[PDB]
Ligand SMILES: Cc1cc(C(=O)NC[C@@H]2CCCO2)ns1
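As a starting point, one isolated chain is supplied in structure tokens, in the form deposited without the named molecule.
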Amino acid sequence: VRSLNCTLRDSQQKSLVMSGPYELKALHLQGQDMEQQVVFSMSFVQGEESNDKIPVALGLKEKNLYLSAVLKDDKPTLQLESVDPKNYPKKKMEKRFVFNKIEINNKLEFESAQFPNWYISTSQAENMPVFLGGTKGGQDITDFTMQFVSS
């Protein structure tokens, strides 16, 4: 399946890092300290495609860990999910693992295919978790830049 290596940064130049085994945190990084930032493998999976909307999966580079969208207390929730490392990645990923990547003026948004109008969001503050957020509108950050890495 076609994959790209990549880092994400939020519109405020917060970089993404592993908090626990299973959380991402967003934080202002610079210097050699930038080593500490998470590389994704972004996969081009089967789904609903327009010029503006591309379905992707987001895995970590050489881990069998994928971002999925899951119901946790009657709320859409973002987790890191362990997968069978022999079976993944796929062209037909399961719907929880699928994001619609939206280009909206040199910025990206990641909408969950599974919960419409839920987006990968970060906090305004340091050192808080990446979450699934349902409100675009000037409080949590929903847009990102993407950098390619020479993988």
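The first residue of the shown sequence is 1; numbering continues from there.
According to the PDB record, 104-112 carries the higher mean C-alpha B-factor of the two stretches 38-46 and 104-112. Higher mean CA temperature factor between 55-63 and 91-99: 55-63, per the PDB entry. By the numbers in the PDB entry, the CA B factor is greatest at 139 among 15, 12, 139, 142. The entry lists a Cα temperature factor for residue 1 that places it in the middle third of the chain's modelled residues. Placement of the Cα temperature factor of residue 121 within the chain: lowest third of the modelled residues, per the deposited record. Residue 32 sits in the highest third of its chain by CA B factor, as recorded in the PDB entry.
Keep in mind the form deposited with the named molecule bound is missing from the figure; the text below concerns it.
Not displayed here, the named molecule is approached by residue 129 to within 4.5 Å at the level of heavy atoms in the deposited bound form. The named molecule is not shown here, but in the deposited bound form it comes within 4.5 Å of a heavy atom of residue 24. Interface membership of residue 19, defined by any non-hydrogen atom within 4.5 Å of the named molecule in the deposited bound form, is confirmed. Annotation for 77-115: interface residues with the named molecule in the deposited bound form are 78, 79, 80 [heavy atom within 4.5 Å].
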